[PDB]
Amino acid sequence: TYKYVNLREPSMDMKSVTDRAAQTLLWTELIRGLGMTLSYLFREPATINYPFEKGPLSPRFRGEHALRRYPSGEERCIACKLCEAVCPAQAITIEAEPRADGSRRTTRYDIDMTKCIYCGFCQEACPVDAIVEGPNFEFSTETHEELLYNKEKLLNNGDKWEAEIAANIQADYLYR
Amino acid sequence: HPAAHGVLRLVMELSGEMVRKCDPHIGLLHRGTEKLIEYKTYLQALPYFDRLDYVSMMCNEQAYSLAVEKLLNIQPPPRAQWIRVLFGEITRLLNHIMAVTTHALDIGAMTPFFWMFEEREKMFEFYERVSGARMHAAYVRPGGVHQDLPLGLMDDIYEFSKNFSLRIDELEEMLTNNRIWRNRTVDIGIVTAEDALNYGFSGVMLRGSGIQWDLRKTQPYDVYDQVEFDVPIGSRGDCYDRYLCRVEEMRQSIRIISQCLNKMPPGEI
Amino acid sequence: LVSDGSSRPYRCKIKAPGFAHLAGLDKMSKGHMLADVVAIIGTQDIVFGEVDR
Amino acid sequence: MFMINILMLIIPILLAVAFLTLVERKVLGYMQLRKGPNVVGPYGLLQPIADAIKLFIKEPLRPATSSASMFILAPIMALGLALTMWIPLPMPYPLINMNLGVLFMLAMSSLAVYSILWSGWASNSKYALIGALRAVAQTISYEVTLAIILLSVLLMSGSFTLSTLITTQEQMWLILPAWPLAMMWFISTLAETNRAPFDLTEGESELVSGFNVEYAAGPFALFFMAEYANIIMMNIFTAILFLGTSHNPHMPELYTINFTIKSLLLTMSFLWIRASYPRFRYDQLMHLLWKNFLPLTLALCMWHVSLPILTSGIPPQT
Amino acid sequence: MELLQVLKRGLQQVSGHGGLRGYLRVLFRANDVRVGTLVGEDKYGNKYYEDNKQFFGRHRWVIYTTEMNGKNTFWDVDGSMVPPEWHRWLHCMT
Amino acid sequence: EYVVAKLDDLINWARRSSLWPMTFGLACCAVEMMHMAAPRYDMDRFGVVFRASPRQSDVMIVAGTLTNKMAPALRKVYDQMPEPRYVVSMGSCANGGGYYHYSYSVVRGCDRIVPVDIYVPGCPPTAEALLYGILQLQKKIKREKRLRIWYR
Amino acid sequence: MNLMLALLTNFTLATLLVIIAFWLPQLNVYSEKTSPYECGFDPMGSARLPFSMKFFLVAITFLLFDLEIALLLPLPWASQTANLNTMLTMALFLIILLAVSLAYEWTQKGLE
Amino acid sequence: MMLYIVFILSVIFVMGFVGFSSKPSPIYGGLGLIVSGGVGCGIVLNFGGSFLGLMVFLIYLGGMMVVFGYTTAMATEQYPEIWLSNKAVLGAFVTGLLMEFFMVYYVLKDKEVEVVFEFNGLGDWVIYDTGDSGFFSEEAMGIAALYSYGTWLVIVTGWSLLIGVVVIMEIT
Ligand SMILES: CCCCCCCCCCCCCCCCCC(=O)OC[C@H](COP(=O)(O)OCCN)OC(=O)CCCCCCCCCCCCCCCCC
Ligand SMILES: CCCCCCCCCCCCCCCCCC(=O)OC[C@H](COP(=O)(O)OCCN)OC(=O)CCCCCCCCCCCCCCCCC
Ligand code: SF4
Ligand code: SF4
Ligand code: SF4
């Protein structure tokens, strides 16, 4: 359909034009709002007082990585070379080679933490359900020699909290 | 400072006062995109459509995911689309909260920014609860929506919407008829011509200028046809009648979000 | 969106405004001051990285 | 000990101009819905001792391209005519008694803008060059709006001194009778001293940063402490020239007490604006003075001249 | 009228909170000085108060005390210290 | 003797408690900087007042993506800043370039161009791991200007 | 005799405070490279300042309205007289001689 | 703060001039004036005339000069070197400065030398006042406001200014 805005004409009669000459010359407008709508300061401030208080999130949040393990640990990753092949940024790097018993596992697993674009494509391709984006924004170290991760940085970083992780998926896994 | 969340360097030869010349240099953000999307598959290369602009998120990808379902001869199931109207028409509340304000931070005011972004936050939750992340969120796909939304949000959309038409009434008494602003914008940068078409402009700086056309009701998207709305229009081609679309275009949306909470049929995604 | 009949695409050519709404600054503003040209831009809603078009 | 009455003035004021900068963002904080500098204080009241010390540690570069002889005598001012102007200003007892002294402000109100023209020129090219030129041009056209509407009332009080101007406002708060003028006494000092709604001189929007752009932490405390030594003075003036208190030959002290609970309300006006209104685009900025502000100010002068004469009113002075 | 009304909460926010000792000490850590209602058990030295459910987002808060693990004493507080359980509580994820 | 090391509980507490950060808007990451100065998480008034001119700053901040044509601009701006300067990158594109890291027209990494100090990792860092990236930099002044004059 | 004691007191705090700010770290041992990198964000800028007129007149235009409001200044002393009609009839002339001098030029300010 | 605080101003004034009375690169010309004008308005504030002194600040030194300084950006000189620039200004200076000095030296360095410079005595300000008096606004230029007797003096100045603008509305 339509509408027309800013289409109006002044009335042009001496009952009006005072009302527009009691405005220009006496400032009866322009004190209407910012004489007032500004104050209106008397509302409670809204601030999350940071070092202590913190704000909301959701169980589907994304962040620092992990590699779980079952009960008594198997290093849940089977090195099926997938979370590697859907990765848009191509951070992941994986090198398998048959472990002594003959069950296969990894050797090098490196997520670069600069390239990773935080998809949620590597949480959703792993069929054996290993690699999982943690909900901890712990980060920010002082040397780029660092953020590159090896395998045996990840596991700890994913065994430091599994009380966080293992209780999110069981909220979220019923939807997908 | 006047970069508008971006980077440009423009050069003008002004005549002593009047500009009469300008010739900007864009190309500071190029990044090399369309050479890099021949090298990625279809579902792997989606986000580089979300990261294109910073403000509208689910409205991009609504324009990719509709350019793929075609070549596939496939439509989403009914509960797909009626999401893509609720988020699709909730981010028109973002770029219209920004382009009335972070435009008018150049005009120098303070509060119409620090007054609003209290609120543009209460929306960013609703990207985080539905899927994951703060802004860029990859949700729409070639197949309709990714995964269903939690038990909730329909008491956090409704409760939030019925509060909102008031805040948009604190950007009105603070702007429209405030003189020092009316005088900063009227009859300024008027293109009324049929060059304003000849250049092939898109929506607003059209619809606010007279010539009357919109791609929401002349073409269907994804069931967009079944809800009623009116397309505000402007009088004279200056700026302050391209502003006045972007208020009366934030007071149309709350009609649709209010009209689209009643209809969502159960079904797959 | 061209597509060659197999998995990876071929040209995917995006156009967003910013090749129009800023094609028309030089035209639009000739004859007003400099302290307008700051407040002309804001109405087109030019936001960049999009002009990666 | 007359020298210890002076130095008791210059020092105790540099604390206000310091601790204004804090109440700058608390009051302007709650307009935004938030709290003001908080973490460091505990209340914040301890912020400005940490800020005064970051600058003078922080290295004071000079442009290789500057003329150093001017790059000193200019700021070696922005702190004189700000601290001299305070001298003859009754509260209630001014340090000096100047016969005609009211006129002496305009002497020192007129001689500061000749410290802008130096600095912005002293340094270098077009952000402070033609950018410090055209803030000269607006600063001198808001005097003619001034000296007249200062000269108006002085027909309504009899003389040029300030000891009479407490006597005449006795039980009549001199803002009734000329309330049309009083408005223009306000928009002037806000337009002349480069504050919020006509902001252009110091840049944010129209340019990068006006006139401050070159000075690093070293000199730039002075200006940032000079520009706030004018603003709390004209506003510590207006309220001796309009909203009068009632002298008390007995408890002088209750004069100032009730006097800072006015001049300190009044000031909190240039902060209560700055949250609110936008800028003028330098055409509209002067273009609204000749056409609009001025014709009245003459017209009223033809009025306050006759009103005493036409009522047998003529105020008791020479 | 409003001089003694609200004032009766603050004088009980002071004189009934640690007296003078347990007040200036919780203010110098931050200006968070409001005393929540309940308490919490966990864990080492770090409490969790939790407010009465009269706020949203500033209703759930925390307290750091001293030298967690090979740590500087107090005025160093970062916020990666919370035990990896409360991420399921303090962040309002659940 | 001991006066020096007690003096640096002043000067090394002054420079850490007032910062005048420049910012660079370039790319997506700029918006999740704004919301640090919006009232929710309120950047200013926690000691750090927001943007000033290039000359008056201390800590510049790099958001966004740095193409070729922007490098000649940055390295110049980083200079003019006064002494006590730092560089805190943020976002997954100042760390080695997000993606675009294989492109032709993106510099790879923005450590290459300047001596960067603190990092933060992800498309937009969540407006949180920003401030917890600064409460690293206000804790990254434990340094002493003693023991250069006063040892060697 | 105490005015000049209240002036040279004021400058000498100010003319002191330049050196204790500008000069003191100016001889500090930091790097301070001589590179021609200074004069921010208009890197080179080689031109004369061209004559731009509507900058100029707003000088002249004032200077003349200025004079007579020195002539106009001694009204409030002159309100005490013998024959006063020669005042009101005369006083009101200057003003209208000022206001006329507007109305003419007011046909052309240009962009002021 | 002796009786010579007048004689010490003028001989700074007389030296206020010779700065810009030679050839100083006239962005320092101003700084040869606002000192001279300042000390000039200094001398006048003795003798009892006050109002008439404090005006030179308002109408001339404050108001006029700024126009003299608001240009010399329009006529703007070249950035050759300025001031000490060309090696020539310095030569002309001293011989002026000494010429009063060598005057001021033996003008009276002794009892008298000789006649034409000997009829000016010094040091008590012999003339500088007379007796006592009453008060009118002060006595002297306290009454400088005549819209009484002076009229044909104003109405020319009143009318001669009104034409000041018409001439300058044109050639501009
Ligand atoms: C018989 C006795 C005599 C009887 C006389 C009867 C009454 C006459 C007295 C009236 C005189 C009042 C003051 C003079 C009028 C106000 C000044 C004025 O004329 O403003 C005109 C201004 C021009 O605007 P306009 O013509 O519309 O052009 C723009 C179009 N886009 O239009 C405007 O609105 C400009 C508004 C002001 C611009 C700056 C405002 C910035 C905010 C500052 C407000 C704070 C001041 C409040 C006062 C505080 C006092 C303590
Ligand atoms: C950069 C570093 C180098 C510079 C360092 C020195 C800088 C000095 C700058 C001077 C600036 C202030 C000069 C303004 C002069 C104002 C004098 C004045 O107006 O005093 C008013 C008063 C009037 O007398 P009245 O009140 O009518 O009668 C009293 C009867 N008992 O008058 C009196 O009471 C009598 C006057 C007594 C004072 C003696 C004269 C003093 C003025 C000399 C100023 C010399 C000019 C210096 C350079 C000025 C440049 C701006
Ligand atoms: S997690 Fe899934 S994807 Fe990553 S390696 Fe183990 S199996 Fe292959
Ligand atoms: S996180 Fe995002 S980017 Fe890093 S690997 Fe998994 S998908 Fe690829
Ligand atoms: S990564 Fe950070 S910078 Fe690169 S695009 Fe995503 S947001 Fe903008």
# chains A, B, ... in the order shown; residues from 1 in each chain; ligands from 1

call {"tool": "closest_atom_pairs", "arguments": {"of": "region 24-133 of chain B", "to": "region 89-110 of chain A", "cutoff": "10 Å", "atoms": "only C-alpha atoms", "output": "tab-separated table"}}
result
residue	atom	partner	partner_atom	distance
B:40	CA	A:89	CA	9.9
B:44	CA	A:89	CA	9.1
B:45	CA	A:89	CA	9.4

call {"tool": "interface_residues", "arguments": {"of": "chain A", "to": "chain B", "cutoff": "9 Å", "atoms": "only C-alpha atoms", "output": "PyMOL selection string"}}
result
chain A and resi 1-7+29-30+32-34+37-38+46+56-62+86-88+118-121+172+175-176

call {"tool": "write_last_selection", "arguments": {"atoms": "N, CA and C atoms", "output": "tab-separated table (two decimals), in the first residue's frame"}}
result
chain	number	residue	atom	x	y	z
A	1	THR	N	0.84	-1.18	0.00
A	1	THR	CA	0.00	0.00	0.00
A	1	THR	C	0.89	1.25	0.00
A	2	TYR	N	0.55	2.25	0.81
A	2	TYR	CA	1.39	3.44	0.97
A	2	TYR	C	1.30	4.05	2.35
A	3	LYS	N	1.95	5.18	2.50
A	3	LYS	CA	1.68	6.18	3.52
A	3	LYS	C	2.33	7.45	3.00
A	4	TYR	N	1.94	8.62	3.49
A	4	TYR	CA	2.64	9.86	3.16
A	4	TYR	C	3.05	10.55	4.45
A	5	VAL	N	4.34	10.79	4.61
A	5	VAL	CA	4.87	11.46	5.78
A	5	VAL	C	5.60	12.72	5.36
A	6	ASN	N	5.53	13.72	6.24
A	6	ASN	CA	5.97	15.08	5.94
A	6	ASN	C	5.16	15.66	4.79
A	7	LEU	N	3.87	15.34	4.75
A	7	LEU	CA	2.98	16.05	3.85
A	7	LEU	C	1.89	16.64	4.73
A	29	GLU	N	9.28	25.08	22.68
A	29	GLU	CA	9.80	23.78	22.32
A	29	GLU	C	11.29	23.85	22.56
A	30	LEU	N	11.97	22.71	22.39
A	30	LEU	CA	13.41	22.62	22.53
A	30	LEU	C	13.82	22.68	24.00
A	32	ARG	N	11.27	21.32	25.69
A	32	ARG	CA	10.32	20.26	26.00
A	32	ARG	C	11.03	18.96	26.26
A	33	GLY	N	11.82	18.50	25.29
A	33	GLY	CA	12.63	17.32	25.49
A	33	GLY	C	13.89	17.46	26.33
A	34	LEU	N	14.80	18.32	25.92
A	34	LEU	CA	16.12	18.34	26.55
A	34	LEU	C	16.17	19.31	27.71
A	37	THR	N	13.45	15.31	28.85
A	37	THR	CA	13.70	13.92	28.49
A	37	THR	C	15.12	13.52	28.82
A	38	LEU	N	16.02	14.49	28.91
A	38	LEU	CA	17.31	14.19	29.47
A	38	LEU	C	17.22	13.88	30.96
A	46	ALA	N	22.43	0.97	34.64
A	46	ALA	CA	22.61	-0.42	34.27
A	46	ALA	C	24.08	-0.70	34.00
A	56	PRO	N	24.83	-12.86	31.39
A	56	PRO	CA	24.21	-14.10	30.94
A	56	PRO	C	24.94	-14.76	29.78
A	57	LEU	N	24.55	-16.01	29.53
A	57	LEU	CA	25.02	-16.83	28.42
A	57	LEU	C	23.93	-17.85	28.09
A	58	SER	N	24.26	-18.84	27.26
A	58	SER	CA	23.36	-19.93	26.97
A	58	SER	C	24.15	-21.22	26.84
A	59	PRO	N	23.51	-22.37	27.04
A	59	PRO	CA	24.22	-23.65	26.89
A	59	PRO	C	24.79	-23.89	25.51
A	60	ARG	N	24.44	-23.13	24.49
A	60	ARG	CA	24.98	-23.37	23.16
A	60	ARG	C	26.18	-22.52	22.80
A	61	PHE	N	26.76	-21.84	23.78
A	61	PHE	CA	27.82	-20.88	23.60
A	61	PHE	C	29.05	-21.53	22.98
A	62	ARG	N	29.94	-20.71	22.42
A	62	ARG	CA	31.14	-21.19	21.74
A	62	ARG	C	32.39	-20.54	22.31
A	86	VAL	N	35.84	-30.37	7.29
A	86	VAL	CA	34.80	-29.36	7.17
A	86	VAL	C	35.23	-28.01	7.64
A	87	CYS	N	36.46	-27.85	8.03
A	87	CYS	CA	36.85	-26.64	8.68
A	87	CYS	C	36.97	-25.54	7.66
A	88	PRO	N	36.17	-24.47	7.71
A	88	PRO	CA	36.34	-23.41	6.71
A	88	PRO	C	37.70	-22.77	6.75
A	118	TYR	N	35.59	-19.66	14.68
A	118	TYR	CA	34.47	-20.05	15.53
A	118	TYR	C	33.22	-20.30	14.73
A	119	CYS	N	33.27	-21.38	13.96
A	119	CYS	CA	32.08	-21.82	13.26
A	119	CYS	C	31.13	-22.48	14.22
A	120	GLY	N	31.47	-23.65	14.68
A	120	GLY	CA	30.48	-24.59	15.10
A	120	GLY	C	30.32	-25.53	13.94
A	121	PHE	N	31.29	-25.57	13.06
A	121	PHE	CA	31.36	-26.70	12.16
A	121	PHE	C	32.23	-27.83	12.67
A	172	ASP	N	21.49	-29.62	25.83
A	172	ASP	CA	21.34	-29.25	24.43
A	172	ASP	C	21.16	-30.39	23.45
A	175	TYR	N	17.77	-31.25	21.17
A	175	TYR	CA	17.25	-30.43	20.09
A	175	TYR	C	17.78	-30.88	18.74
A	176	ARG	N	19.08	-30.75	18.52
A	176	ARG	CA	19.69	-31.40	17.38
A	176	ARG	C	19.77	-32.88	17.63

call {"tool": "residues_around", "arguments": {"residues": "region 127-139 of chain A", "least_positions_apart": "2", "cutoff": "8 Å", "atoms": "only C-alpha atoms", "output": "PDB file with N, CA, C and O atoms, in the first residue's frame"}}
result
ATOM      1  N   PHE A  61      26.755 -21.840  23.783  1.00  0.00           N
ATOM      2  CA  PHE A  61      27.823 -20.877  23.599  1.00  0.00           C
ATOM      3  C   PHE A  61      29.050 -21.532  22.978  1.00  0.00           C
ATOM      4  O   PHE A  61      29.166 -22.751  22.934  1.00  0.00           O
ATOM      5  N   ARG A  62      29.943 -20.708  22.421  1.00  0.00           N
ATOM      6  CA  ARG A  62      31.140 -21.193  21.740  1.00  0.00           C
ATOM      7  C   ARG A  62      32.391 -20.538  22.308  1.00  0.00           C
ATOM      8  O   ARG A  62      32.336 -19.412  22.791  1.00  0.00           O
ATOM      9  N   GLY A  63      33.528 -21.215  22.216  1.00  0.00           N
ATOM     10  CA  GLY A  63      34.705 -20.726  22.908  1.00  0.00           C
ATOM     11  C   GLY A  63      35.860 -21.700  22.950  1.00  0.00           C
ATOM     12  O   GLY A  63      36.014 -22.508  22.041  1.00  0.00           O
ATOM     13  N   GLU A  64      36.688 -21.617  23.982  1.00  0.00           N
ATOM     14  CA  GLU A  64      37.881 -22.443  24.117  1.00  0.00           C
ATOM     15  C   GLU A  64      37.593 -23.930  23.978  1.00  0.00           C
ATOM     16  O   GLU A  64      36.583 -24.416  24.477  1.00  0.00           O
ATOM     17  N   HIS A  65      38.509 -24.661  23.338  1.00  0.00           N
ATOM     18  CA  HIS A  65      38.307 -26.031  22.878  1.00  0.00           C
ATOM     19  C   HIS A  65      38.676 -27.065  23.941  1.00  0.00           C
ATOM     20  O   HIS A  65      39.219 -26.743  24.986  1.00  0.00           O
ATOM     21  N   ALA A  66      38.398 -28.337  23.655  1.00  0.00           N
ATOM     22  CA  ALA A  66      38.593 -29.411  24.619  1.00  0.00           C
ATOM     23  C   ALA A  66      38.674 -30.707  23.852  1.00  0.00           C
ATOM     24  O   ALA A  66      38.307 -30.765  22.691  1.00  0.00           O
ATOM     25  N   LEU A  67      39.169 -31.746  24.492  1.00  0.00           N
ATOM     26  CA  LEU A  67      38.884 -33.086  24.015  1.00  0.00           C
ATOM     27  C   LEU A  67      38.522 -33.937  25.209  1.00  0.00           C
ATOM     28  O   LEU A  67      39.347 -34.166  26.089  1.00  0.00           O
ATOM     29  N   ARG A  68      37.303 -34.432  25.213  1.00  0.00           N
ATOM     30  CA  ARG A  68      36.788 -35.211  26.310  1.00  0.00           C
ATOM     31  C   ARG A  68      37.473 -36.576  26.320  1.00  0.00           C
ATOM     32  O   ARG A  68      38.307 -36.881  25.473  1.00  0.00           O
ATOM     33  N   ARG A  69      37.125 -37.394  27.304  1.00  0.00           N
ATOM     34  CA  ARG A  69      37.351 -38.829  27.262  1.00  0.00           C
ATOM     35  C   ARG A  69      36.235 -39.467  28.066  1.00  0.00           C
ATOM     36  O   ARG A  69      35.698 -38.834  28.972  1.00  0.00           O
ATOM     37  N   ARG A  76      38.751 -39.642  23.527  1.00  0.00           N
ATOM     38  CA  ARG A  76      37.597 -40.083  22.763  1.00  0.00           C
ATOM     39  C   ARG A  76      37.811 -39.994  21.254  1.00  0.00           C
ATOM     40  O   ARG A  76      37.272 -40.810  20.509  1.00  0.00           O
ATOM     41  N   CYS A  77      38.665 -39.086  20.796  1.00  0.00           N
ATOM     42  CA  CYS A  77      38.977 -38.930  19.377  1.00  0.00           C
ATOM     43  C   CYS A  77      39.512 -40.198  18.737  1.00  0.00           C
ATOM     44  O   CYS A  77      40.482 -40.777  19.199  1.00  0.00           O
ATOM     45  N   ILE A  78      38.909 -40.600  17.621  1.00  0.00           N
ATOM     46  CA  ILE A  78      39.373 -41.747  16.857  1.00  0.00           C
ATOM     47  C   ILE A  78      40.208 -41.377  15.642  1.00  0.00           C
ATOM     48  O   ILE A  78      40.672 -42.259  14.938  1.00  0.00           O
ATOM     49  N   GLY A 120      31.473 -23.653  14.679  1.00  0.00           N
ATOM     50  CA  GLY A 120      30.478 -24.593  15.098  1.00  0.00           C
ATOM     51  C   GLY A 120      30.319 -25.533  13.941  1.00  0.00           C
ATOM     52  O   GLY A 120      29.296 -26.188  13.798  1.00  0.00           O
ATOM     53  N   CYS A 122      33.079 -27.636  13.666  1.00  0.00           N
ATOM     54  CA  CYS A 122      33.832 -28.785  14.139  1.00  0.00           C
ATOM     55  C   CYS A 122      33.234 -29.380  15.377  1.00  0.00           C
ATOM     56  O   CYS A 122      33.756 -30.354  15.893  1.00  0.00           O
ATOM     57  N   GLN A 123      32.209 -28.779  15.922  1.00  0.00           N
ATOM     58  CA  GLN A 123      31.490 -29.427  16.996  1.00  0.00           C
ATOM     59  C   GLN A 123      30.476 -30.392  16.453  1.00  0.00           C
ATOM     60  O   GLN A 123      30.065 -31.292  17.175  1.00  0.00           O
ATOM     61  N   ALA A 125      30.526 -32.033  13.225  1.00  0.00           N
ATOM     62  CA  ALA A 125      30.821 -33.132  12.322  1.00  0.00           C
ATOM     63  C   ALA A 125      31.388 -34.377  12.960  1.00  0.00           C
ATOM     64  O   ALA A 125      31.522 -35.374  12.260  1.00  0.00           O
ATOM     65  N   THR A 141      46.915 -14.429  26.080  1.00  0.00           N
ATOM     66  CA  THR A 141      48.277 -14.435  26.549  1.00  0.00           C
ATOM     67  C   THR A 141      49.100 -13.520  25.676  1.00  0.00           C
ATOM     68  O   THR A 141      48.654 -13.080  24.628  1.00  0.00           O
ATOM     69  N   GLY A 158      40.750 -29.357  28.428  1.00  0.00           N
ATOM     70  CA  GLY A 158      39.464 -30.008  28.426  1.00  0.00           C
ATOM     71  C   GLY A 158      39.245 -31.018  29.524  1.00  0.00           C
ATOM     72  O   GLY A 158      38.191 -31.652  29.577  1.00  0.00           O
ATOM     73  N   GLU A 164      31.815 -28.445  33.765  1.00  0.00           N
ATOM     74  CA  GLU A 164      31.113 -27.491  32.926  1.00  0.00           C
ATOM     75  C   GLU A 164      30.538 -28.174  31.695  1.00  0.00           C
ATOM     76  O   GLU A 164      29.328 -28.137  31.465  1.00  0.00           O
ATOM     77  N   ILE A 165      31.381 -28.862  30.922  1.00  0.00           N
ATOM     78  CA  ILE A 165      30.942 -29.365  29.627  1.00  0.00           C
ATOM     79  C   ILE A 165      29.936 -30.487  29.800  1.00  0.00           C
ATOM     80  O   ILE A 165      28.834 -30.424  29.259  1.00  0.00           O
TER      81      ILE A 165
ATOM     82  N   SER E  80      39.676 -15.267  36.057  1.00  0.00           N
ATOM     83  CA  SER E  80      39.790 -16.645  35.604  1.00  0.00           C
ATOM     84  C   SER E  80      39.899 -17.609  36.780  1.00  0.00           C
ATOM     85  O   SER E  80      40.134 -18.803  36.592  1.00  0.00           O
ATOM     86  N   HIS E  87      30.975 -21.832  36.437  1.00  0.00           N
ATOM     87  CA  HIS E  87      30.608 -21.494  35.061  1.00  0.00           C
ATOM     88  C   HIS E  87      29.228 -22.026  34.698  1.00  0.00           C
ATOM     89  O   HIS E  87      28.593 -21.505  33.779  1.00  0.00           O
TER      90      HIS E  87
ATOM     91  N   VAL F 120      43.870 -11.080  21.725  1.00  0.00           N
ATOM     92  CA  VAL F 120      42.576 -11.635  22.087  1.00  0.00           C
ATOM     93  C   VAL F 120      42.065 -12.494  20.939  1.00  0.00           C
ATOM     94  O   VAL F 120      42.334 -12.187  19.781  1.00  0.00           O
ATOM     95  N   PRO F 121      41.449 -13.624  21.194  1.00  0.00           N
ATOM     96  CA  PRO F 121      41.067 -14.535  20.111  1.00  0.00           C
ATOM     97  C   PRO F 121      39.608 -14.835  19.774  1.00  0.00           C
ATOM     98  O   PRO F 121      39.133 -15.852  20.271  1.00  0.00           O
ATOM     99  N   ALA F 129      35.884 -10.876  26.831  1.00  0.00           N
ATOM    100  CA  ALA F 129      37.301 -11.161  26.684  1.00  0.00           C
ATOM    101  C   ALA F 129      38.021  -9.996  26.085  1.00  0.00           C
ATOM    102  O   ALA F 129      39.202 -10.103  25.782  1.00  0.00           O
ATOM    103  N   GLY F 133      40.933  -8.804  28.605  1.00  0.00           N
ATOM    104  CA  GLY F 133      42.221  -8.651  27.979  1.00  0.00           C
ATOM    105  C   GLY F 133      42.941  -7.399  28.398  1.00  0.00           C
ATOM    106  O   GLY F 133      44.150  -7.315  28.207  1.00  0.00           O
TER     107      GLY F 133
END

call {"tool": "select_by_dssp", "arguments": {"residues": "chain E", "states": "alpha helix (DSSP H)", "output": "list in words"}}
result
residues 7, 8, 9, 10, 11, 12, 13, 14, 21, 22, 23, 24, 25, 26 and 27 of chain E

call {"tool": "write_last_selection", "arguments": {"atoms": "N, CA, C and O atoms", "output": "compact mmCIF listing (two decimals), in the first residue's frame"}}
result
# COMPACT_ATOMS: atom_id res chain seq x y z
N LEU E 7 17.69 6.17 53.95
CA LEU E 7 18.88 6.22 54.79
C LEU E 7 18.93 5.08 55.79
O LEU E 7 20.01 4.74 56.27
N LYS E 8 17.78 4.48 56.09
CA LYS E 8 17.72 3.47 57.13
C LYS E 8 18.19 2.12 56.61
O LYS E 8 18.44 1.20 57.40
N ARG E 9 18.30 1.98 55.29
CA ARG E 9 18.92 0.80 54.71
C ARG E 9 20.44 0.91 54.70
O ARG E 9 21.13 -0.08 54.94
N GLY E 10 20.96 2.11 54.45
CA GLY E 10 22.40 2.28 54.37
C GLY E 10 23.09 2.24 55.72
O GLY E 10 24.19 1.68 55.83
N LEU E 11 22.48 2.83 56.74
CA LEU E 11 23.08 2.78 58.07
C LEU E 11 23.05 1.36 58.62
O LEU E 11 23.90 0.98 59.43
N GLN E 12 22.08 0.56 58.17
CA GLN E 12 22.13 -0.88 58.41
C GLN E 12 22.96 -1.59 57.36
O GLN E 12 23.31 -2.76 57.54
N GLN E 13 23.27 -0.91 56.25
CA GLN E 13 24.24 -1.46 55.30
C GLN E 13 25.66 -1.26 55.81
O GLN E 13 26.58 -1.93 55.34
N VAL E 14 25.85 -0.36 56.77
CA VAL E 14 27.18 -0.07 57.30
C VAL E 14 27.30 -0.66 58.70
O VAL E 14 28.04 -1.62 58.92
N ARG E 21 35.07 -2.02 60.30
CA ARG E 21 36.12 -2.86 59.76
C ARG E 21 35.66 -3.63 58.52
O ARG E 21 36.30 -3.54 57.47
N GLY E 22 34.57 -4.38 58.64
CA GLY E 22 34.07 -5.17 57.54
C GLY E 22 33.30 -4.39 56.50
O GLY E 22 32.60 -4.99 55.68
N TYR E 23 33.40 -3.06 56.53
CA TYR E 23 32.80 -2.18 55.54
C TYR E 23 33.86 -1.55 54.64
O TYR E 23 33.87 -1.80 53.43
N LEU E 24 34.75 -0.74 55.20
CA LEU E 24 35.82 -0.15 54.41
C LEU E 24 36.64 -1.21 53.69
O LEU E 24 37.21 -0.92 52.63
N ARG E 25 36.70 -2.43 54.22
CA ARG E 25 37.46 -3.50 53.58
C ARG E 25 36.75 -4.11 52.38
O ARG E 25 37.43 -4.52 51.43
N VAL E 26 35.42 -4.18 52.39
CA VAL E 26 34.67 -4.67 51.24
C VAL E 26 34.40 -3.56 50.24
O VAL E 26 34.06 -3.85 49.08
N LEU E 27 34.55 -2.30 50.64
CA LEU E 27 34.49 -1.20 49.69
C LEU E 27 35.80 -1.01 48.95
O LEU E 27 35.79 -0.71 47.76

call {"tool": "residues_around", "arguments": {"residues": "residue 160 (chain D)", "least_positions_apart": "5", "cutoff": "12 Å", "atoms": "only C-alpha atoms", "output": "PyMOL selection string"}}
result
(chain D and resi 97-105+150-155+165+241+317-318) or (chain G and resi 73-77) or (chain H and resi 51+137+142)
